Ligand SMILES: CCCCCCCCCCCCCCCCCC(=O)OC[C@H](COP(=O)([O-])OCC(O)COP(=O)([O-])OC[C@@H](COC(=O)CCCCCCCCCCCCCCCCC)OC(=O)CCCCCCCCCCCCCCCCC)OC(=O)CCCCCCCCCCCCCCCCC
Ligand SMILES: CCCCCCCCCCCCCCCCC[C@@H](O)O[C@H](CO[C@H](O)CCCCCCCCCCCCCCC)COP(=O)(O)OCC[N+](C)(C)C
Ligand SMILES: CCCCCCCC/C=C\CCCCCCCC(=O)O[C@H](COC(=O)CCCCCCC/C=C/CCCCCCCC)COP(=O)(O)OCCN
Ligand SMILES: CCCCCCCCCCCCCCCCCC(=O)OC[C@H](COP(=O)(O)OCCN)OC(=O)CCCCCCCCCCCCCCCCC
Ligand SMILES: Nc1ncnc2c1ncn2[C@@H]1O[C@H](COP(=O)(O)OP(=O)(O)O)[C@@H](O)[C@H]1O
């Protein structure tokens, strides 16, 4: 993994040593090169993982997440250079430094082979994100959003640290391979119940579980565009990766403890879709859609079958790409009219046709349209839930109907109708924005062409 | 205090004579490189606080920072390695001396061990 | 333990409870502080003289010396407080809050 | 002469520069010698070379 | 105060602490405490004003009471054993008196009020010396006598310290009182781990001292004593605000900064001894400290507060005095997490 | 080494340095008097150093190059605009008054540092203690507000409480009609816009507050226009003021050490001139503050410390 880790730590000095007008060019080009290099991790095995060294290893679950992280960095650079034109050179370099640090922490998080090093990195991702939000956000509420995000995550994750050190004392090791090979059943006792709670609650807060989700609209609405892109596409997936990894040691207690979380996930999936139906803000609509999809992923992990894990992996990758694209589209609209209200700017199809096409494609992927990987993951989760019980189909069908309703509602409201008459500053779409949307959407369809690359280790 | 008061401990001795029988750290140790990195960061912060050009000014001062950090890190690594070797030595000796407390257990295969099966469905 | 030790320890406890319960004057609390060290002196010398710990006979003298240093320090602080506020009342030491 | 008033650090303090460089060089050569002696003593005590 | 008299008083404070640390006799330990207090009072009163006089008076009263209780404990121990050496104490009552006296010296709750009051009373340099050195000595005594410490009393006072520090810091808006309540909380952590691993106590002491030195020296450099005074520093020297923000993040215990190492090691060590409820409560309560550190970080670096018109003249001028080892303290307090296993060298 | 505690321990003593002619002399008077000429003559005849009146851009003259900076970057206030529109709606009057007070404070610190490091006396054309007369004139004419006066008083307290008052205060008394005549003859339109009630308020403040207050500290010499014209008799009167009832005789070596440590540090001198009192006149928004600070950084010899500015011809930076 060092062939990918070191070039990022070299992005840092290159960013600080490049000229004042070449920072964006250098950062974008070399981020793309590092993404290309990280594409080599997809050549996985059918039996075991890629054990690079004592510290880092890669799997069919880690590799797509690393590729998504490395691919997301240059897109964030493009959106950032859109909205950070008037900044000073030092502050531009500080923003790029925060993005690079976040990418480095995420890479080491997905490739860390110990639960304690994984904990350290997955908690280290909080600082750059908090700085980005509370420093380069636009509105007053960025401070409160940062407080909510930070304290929700830490309240979730501190009992996880206690549980991890306890498990290390009990079993002698926190290495994932050793805890997989030496796993023992978790007896039904109050102590085991609270160990299970510590671990799962950390990752449920990070996911987020319905009822532990308010920090998500607060932070995703109030963050800058790069912050929104990384919060939804990658940072939400630390919870899924952690829950998939740590449930090795939590059986058979997961069979009995998953009822409250499954009930919360299914009902809150319905509730957040219904909220999306009646949102006066576009960014909040996209955030609540993210909550619904992560609820589906939580259901998949909790029911915990080989078909549900594949659907969970596929849905995580697909949601990352789709939500990042939706945030970028909303941000272009905001940079036009300087407001997040959904009904302020209308007729954007007759003012900007190609952006209307991008909106159509992003909203067609947001709802599960076959054969997109969004649908593939959702359908695998639905099938596993059907095997779990036969009323999960009722809840899942209701969720799919509401998802289609609010996605097409967003499309029709923003793009169709008649343009607002007094908004006379809708300049033609930039090549940069068009290329950003294309770079979001083409990999999704190529992943549809080759779907075994994102179905996880259980494939 | 676990190892404080261990027999034969000379007070106020950073590195005893018995530490000379251990392999000294390689000068290219990653921990030594990280100590040098800490020295370099201190030098840059010094330039920034004093409002000199961060990367250019005070090259002699930055060299002194890095050299001091590498020096102290080398000796610190030697002491750390010595203490860990001492801990392992004591633990092994105690296990050897207390066989009734650390007994060897007969190994049973998984064909003989019976484990409850918990289906996932 | 003889009843003499009980009485000396009781005197120390009384002088400690006197110090911890201010009334108005700082001087009265200083006098309570000086009583505690007197009881400590008496207790130490009773313990040492009974056991014939010959080399420990000098300890009560050092105890007295540092009692004097504490009393001097307290009187200096008292004169400064009185210069500032006109009285040695402890109610005037309320500028700083917790 | 840009400054109306002579800056305190207008000219390099050659005494301090020489002391800095000398201290750095002394520390480096001392570290190299100490490492060589440590390797030799370790090998001699363990009977390796 | 004459510079020679000031440096001889500083040396006398240090000599008293060193006598406490190197003595093997309870009388000599008491003498060291007395010498430290006697030379420490004028240092607090160095800049004469009613607040400094009041702070010195309160500090003297508290420390004199603690020394008296300590000598009573020493004499009671001598009565029941005839031993002057500092080892495990042979009487539970003497041990309880000693624990109370040392806790009163350190400022552990419920003996904490003097800490914020005195720290707000005295200047920034005096507060720096107070917190650092005057925590350095009693903790060494406690580490020496740790094997007889009552775990219940020690852990009760530690949890009280953590809770009180968090809540007081939440309310405060003055920088010195914020520092004092942070100090109370950190002392709580150290003494919580004390009955299990004095090595972890020493590690927490060193990390706390480094972070406190960096923070106090940044405040001295920026000449800021309130929140709104510190809100003007972004318009004079924006580097100092950024370093202070990183140091505040480190103090709050966020990974991968150096403030995470003591909390991590203490949680692990207490878990080895089958303590779970105590480490979990301690870890959750530190979120209060993190909250008011983050509140301080919003005002100074992450947001730009209004400035004044004379800041232009301040721009024209330059800072003269150079803080000693400020860059080193900044780096050690933020970037030494990958160097954690050196605590064995500390052992 | 520069002066510090080590120099004090080694033996540098201000009392030993002084030569008994180390006197601080301040000349005062109403607007457009002969105080500048009298001060120059006093400094020349007595061998003292002259300090012209500290207006705007004094701090510019003492730092970097002597050339004044842009008004947007140094002062953000205008004397000509104060004359043109005294009752402005942007707080120009009190911005000007506070900036001029800070400049006078900085100049007094400069003069004290010179006297303590050299032993040569100084002659200031106006001091900290005479600065408030314009504040009272502005307040009584309705130019500034009671809040502005209160902020001024707070800053003046916490700042001027720390220094040594002048040895000699020389006041030149000129009647208001003569002041107006001289102003008209000078021909500058902005000062020709000065009203007579403003000039009377300054004189009332001088005669009723400043002169009675400085009489307690030391001796005050008052002259008319004719007496101020003949500076030889003024210098003769100064040379035979053998009495000194001020704090200067009470000053000792340690007090002088503290004072010199204070006055050699210009950021500590101006520490309380920027207190977070949010008057609308002096408060500057975050965005304007950021923009102006960036511009000042972009100035030629201002980005780095004085010895480290390569664009103004500083070499050996890598070994400095
Ligand atoms: C090596 C590259 C960096 C990597 C970093 C990785 C971690 C390292 C930590 C320590 C780094 C060393 C210390 C640097 C201090 C710099 C201070 C400074 O003045 O920076 C600006 C300075 C240039 O600006 P300037 O002319 O001084 O003007 C400054 C004015 O303020 C300009 O006026 P203005 O008003 O426009 O500026 C205002 C600005 C001025 O503010 C600053 O410049 C302050 C910058 C941050 C303070 C230092 C924090 C140190 C503590 C550790 C964490 C650092 C992470 C970020 C590092 C930033 C590095 C600049 O403040 C703000 O805008 C406020 C923003 C507040 C939020 C952001 C600040 C906090 C960020 C850090 C917290 C997050 C940590 C997360 C946890 C993980 C940590 C790893 O930047 C540099 O000099 C760049 C330094 C690096 C140069 C390259 C060195 C390597 C050369 C090539 C090596 C090749 C090796 C061999 C390869 C093989 C082939 C040959
Ligand atoms: C010029 C080159 C650079 C020099 C820079 C010097 C800066 C450091 C100064 C040196 C400090 C150590 C002094 C070395 C000589 C003293 C020898 C003696 O003190 O060493 C031992 C003790 O030394 C110290 O205890 C350990 C020194 C190591 C401390 C530094 C590392 C702390 C760990 C931090 C880990 C993360 C940060 C990594 C470093 C960046 C003696 O043991 P003992 O007398 O019986 O202790 C009795 C009390 N006990 C038992 C309870 C402990
Ligand atoms: C930097 C100075 C030296 C530093 C020493 C190194 C650190 C060690 C800690 C301090 C130890 C100091 C040594 C003093 C202890 C002497 C004890 C002793 O040995 O007894 C006398 C020592 O002999 C003397 O007379 C020494 C007299 C010294 C007087 C002058 C000492 C100077 C003190 C300066 C005061 C500084 C204040 C210190 C700060 C407070 C203390 C922390 C010998 O008695 P004998 O009869 O020969 O015993 C054998 C029986 N047949
Ligand atoms: C054993 C004592 C260790 C500490 C001594 C600290 C002394 C200096 C304190 C002031 C702050 C740092 C220096 C900043 C620059 C000061 C102004 C200047 O220009 O200094 C020039 C000086 C040149 O070095 P020079 O004095 O010649 O070296 C000693 C020669 N006998 O430049 C320098 O000296 C710069 C380099 C200073 C050394 C690096 C910083 C300390 C390194 C410690 C290594 C161990 C890590 C842990 C440290 C824990 C805290 C001590
Ligand atoms: N504090 C102040 N507030 C407003 N204006 C001031 C202040 N101090 C000086 N001035 C102005 O500066 C100018 C200085 O003129 P002055 O030096 O008194 O004339 P002369 O040199 O003839 O004595 C005057 O026009 C006066 O109005």
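Derivation of every value follows stated rules applied to the coordinates shown; laboratory data play no part. Virtual Cβ from ideal backbone geometry, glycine too; neighbours counted across all protein chains shown.
Using Cα centres only, tell me the gap between the stretch F:251-316 and the stretch B:35-74 in whole Å.
If we compute the Cα centre of each part, the gap is 26 Å.
So what does log10 I(q)/I(0) come out to for the protein assembly as shown at q = 0.04 Å⁻¹, using the Debye formula with one equal point on every Cα and no solvent?
-0.32
For the stretch E:105-164, what does the alpha-carbon gyration tensor say about shape, rounded, prolate or oblate, given a ≥ b ≥ c as the root eigenvalues, a/c under 1.5 as rounded, and a/b over b/c as prolate?
Here the stretch E:105-164 falls in the oblate category.
In the calculated pair distance distribution of the stretch F:270-320, what percentage of Cα-Cα distances lie above 12 Å?
Tail of P(r) above 12 Å: 72 percent of Cα pairs.
So if I take the centroid of the Cα atoms in the stretch A:184-207 and the same for the stretch E:259-302, what is the distance between those two points in Å?
Using only Cα atoms, the two centres lie 21 Å from each other.
Can you give the helix-only mean residue ellipticity at 222 nm for the protein assembly as shown, where every DSSP H stretch with n ≥ 4 adds -39500 (n - 2.57) and the sum goes over all residues, rounded to the nearest 500 deg cm²/dmol?
-21000 deg cm²/dmol
On average over all directions, what projected area in square nanometres does the stretch F:1-147 have, based on the convex hull of its Cα atoms?
11.3
Restricting the count to DSSP beta bridges whose residues both fall in the protein assembly as shown, what percent are antiparallel, rounded to a multiple of 5?
Just about 35 percent of them are antiparallel.
Angle, helix E:50-81 long axis vs. longest principal axis of chain E, Cα atoms, 0 to 90°, nearest 10?
For helix E:50-81, the angle is close to 20 degrees.
Please compute, for the alpha-carbon atoms of chain F, the extent along each of the three principal axes and give them in descending order in Å.
That gives 63, 51, 34 Å along the principal axes, largest extent first.
Could you check the simple spin-label distance between residue F:222 and residue A:386, using points 7 Å along Cα→Cβ, in nm with one decimal?
Taking the two extended label points, one gets 10.7 nm.
Just to confirm the number: angle between the C-alpha axis of helix E:3-22 and the first principal axis of chain E, 0 to 90 degrees, nearest 10?
40
Rounded to whole Å and ordered largest first, report the semi-axes of the equivalent ellipsoid of the stretch A:143-186 derived from its Cα gyration tensor (root of 5λ).
Semi-axis lengths for the stretch A:143-186 are 31, 10, 8 Å.
Arranged from highest to lowest average of other beta-carbon atoms within 10 Å per residue, in what order do the peptides F:170-179, C:82-91, A:355-364 appear?
The peptides rank, most packed first, as A:355-364, F:170-179, C:82-91.
Starting at 0 and stepping by 20 Å, how many percent of the alpha carbon pairs of chain A end up in each bin?
26, 60, 14, 0
Report the paramagnetic label zone for residue E:5: residues of the stretch F:217-254 whose backbone N is under 19 Å from a point 7 Å from Cα along the Cα-to-Cβ axis.
F:250-254
Efficiency by 1/(1 + (r/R0)^6): what FRET value for residue A:394 and residue A:341, r their Cβ-Cβ distance, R0 = 35 Å, to the nearest 0.05?
The calculated FRET efficiency here is 0.50.
At residue A:197 and residue A:155, where each label point lies 7 Å from the Cα along Cα→Cβ, what is the point-to-point distance in nanometres?
Between residue A:197 and residue A:155, the label points sit 1.5 nm apart.
Would you mind classifying the stretch A:298-453 by shape? Square roots of the alpha carbon gyration tensor eigenvalues, ordered a ≥ b ≥ c; an a/c under 1.5 is rounded, otherwise it is prolate if a/b is larger than b/c and oblate if not.
prolate
Once the Cα gyration tensor of the stretch F:244-295 is diagonalised, what are the square roots of 5 times its eigenvalues, in whole Å and ordered largest first, as equivalent ellipsoid semi-axes?
They are 37, 14, 7 Å, listed largest first.
log₁₀ I(q)/I(0) of the stretch B:1-98 at q = 0.10, 0.16 Å⁻¹, via Debye over equal Cα point scatterers, no solvent, to two decimals?
Here the Debye-derived log intensity ratios amount to -0.43, -0.78.
List B:50, F:302, F:95, F:16 from most exposed to least, where exposure is judged by having the fewest other Cβ atoms within 10 Å.
F:16, F:302, B:50, F:95
For the stretch A:1-82, evaluate the Debye formula with one uniform point scatterer on each Cα (no solvent term) and list log10 I(q)/I(0) at q = 0.12 Å⁻¹, rounded to two decimals.
Debye curve over Cα of the stretch A:1-82, log10 I(q)/I(0) at q = 0.12 Å⁻¹: -0.40.
For the residue pair residue F:244 and residue F:262, what label-to-label distance in nm results when each label sits 7 Å from Cα along the Cα-to-beta-carbon direction?
Label at residue F:244, label at residue F:262, 1.8 nm between them.
Taking Cα atoms, how many degrees apart are the long axis of helix E:175-193 and the longest axis of chain E, rounded to 10 and kept between 0 and 90?
That helix lies at roughly 40 degrees to the long axis.
Could you estimate the translational diffusion coefficient of the stretch E:208-337 from the Stokes-Einstein equation, with Rh from the Kirkwood formula over C-alpha pairs, at 10 °C and 1.306 mPa s, in whole µm²/s?
Stokes-Einstein gives a translational diffusion coefficient of 99 µm²/s.
Compute the relative contact order of chain F as a whole-number percentage, counting only Cα pairs closer than 8 Å that sit 6 or more residues apart in sequence.
Computed over chain F, the figure is 27 percent.
If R0 is 41 Å, what FRET efficiency do you get for residue D:2 and residue B:34 from their C-beta distance, rounded to 0.05?
0.50
What FRET efficiency, computed as 1/(1 + (r/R0)^6) with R0 = 22 Å and r the Cβ-Cβ distance, is obtained for residue F:2 and residue E:48, rounded to the nearest 0.05?
Taking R0 as 22 Å, the efficiency between residue F:2 and residue E:48 is 0.25.
Starting from the Cα gyration tensor of the stretch C:3-92, take the square roots of the eigenvalues, sort them a ≥ b ≥ c, and report rounded, prolate or oblate (rounded when a/c is under 1.5, otherwise prolate if a/b is larger than b/c, else oblate).
Oblate, because a/c is 1.5 or more while a/b does not exceed b/c.
The stretch E:3-154: Rg/Rh from Cα coordinates, Kirkwood Rh?
Radius of gyration over Kirkwood radius for the stretch E:3-154 works out to 0.99.
Compute the normalised compactness of chain E: alpha-carbon radius of gyration over 2.2 N^0.38 Å, N being the residue count.
Cα-based Rg divided by the globular estimate yields 1.00.
How long are the semi-axes of the equivalent ellipsoid of the stretch A:271-321, taking √(5λ) for every eigenvalue λ of the Cα gyration tensor, in whole Å from largest down?
25, 12, 5
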